[PDB]
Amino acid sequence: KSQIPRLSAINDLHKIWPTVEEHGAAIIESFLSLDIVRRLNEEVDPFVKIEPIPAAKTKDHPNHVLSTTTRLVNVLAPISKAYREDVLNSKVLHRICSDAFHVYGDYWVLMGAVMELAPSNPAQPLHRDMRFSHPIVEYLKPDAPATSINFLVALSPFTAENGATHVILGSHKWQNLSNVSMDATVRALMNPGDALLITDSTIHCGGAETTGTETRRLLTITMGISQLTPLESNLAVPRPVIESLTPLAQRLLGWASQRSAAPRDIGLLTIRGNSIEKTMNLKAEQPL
């Protein structure tokens, strides 16, 4: 059977979204440079080491779904200069997202998280994303363009034996889910900096860590239309951090008003006809 299409972030930029739209998945080789991966890893390191189990009893909003051997840390902007500067302003990411979401309008970050899987982390069941947070998405017509997409960026090697993600190609177009089987999957074998791009309808799962020694880490960036509420909030991010960002990054984090693609769009998160950023006199690109 056919493998996940592989594309250049440098040369094949216009081909990436059409490839995902057709096949449900694509690998973007060198989506992030090794320099960015390195800085990103350094910056998030301590925060993933301190992270408790997904369903820690201390938590207000425990995640009862992820395995106990998963450490997920979101709201990365205050943690990581590399994230808030380099990845939030990624030319490749923005071309793909504008290609993907043009029918709907503005898009933003639903969740940017670093996920680290401990050695011996088990395979997840095959699933579609968004079903534990956005029940609305299940009620969309089958030809509705994808309302969110997920960049699964390797921050360490993804191998068959260490739990590289499985996808079922074409499954983003499936309505009958009885052919759902691990027999139908292929793997996203990836180097650090490569990214697996899927839609919210692509059937996929984390793989089984079978070595007992390897710790796999990824940066998962769920980008979605600005009409859907983010899984994560940047409301508590300090204003000096927000004001150091580009206007585009501020929009991505919910620190700007948003626009739909309707011809006479009336906007989202507006304040009596004016934007958040105008109203609050929000500055941009102020060095820290």
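For every residue, the number given is its place in the sequence shown, counted from 1.
**Study point:** Mean C-alpha temperature factor, higher of 234-242 and 255-263
**Key:** It is 234-242 that shows the higher mean C-alpha B-factor.
Practice item. Name the higher of the two by mean Cα B-factor in the PDB entry, 140-148 versus 177-185. Key: Averaging CA B-factors over each stretch, the winner is 177-185.
Practice item. Between 219, 34, 228, 223, let me know which has the highest C-alpha B-factor in the entry? Key: Top of the list by C-alpha B-factor: 34.
Point to revise | Options 129, 99, 116, 85 - largest CA temperature factor per the record | key: Going by the entry's C-alpha B-factors, 85 comes out highest.
**Study point:** residue 26 by Cα B-factor - lowest, middle or highest third of the modelled chain
**Key:** Answer is lowest: the recorded C-alpha B-factor places it there.
Check your understanding: What third of the chain, by the recorded C-alpha B-factor, contains residue 71?
Key -> According to the entry, residue 71 has a C-alpha B-factor in the chain's middle third.
Exercise for review: Place residue 13 in the lowest, middle or highest third of its chain's C-alpha B-factors, as listed in the PDB entry.
Suggested key: Ranked within chain, residue 13 CA B lands in the highest tercile.
Review point. Looking at the C-alpha B-factor of residue 212, is it in the lowest, middle or highest third of its chain?
Key: Highest third, going by the recorded CA B-factors of the chain.
Check your understanding: Which third of the chain does residue 160 land in by C-alpha B-factor: lowest, middle or highest?
Key -> Ranked within chain, residue 160 CA B lands in the highest tercile.
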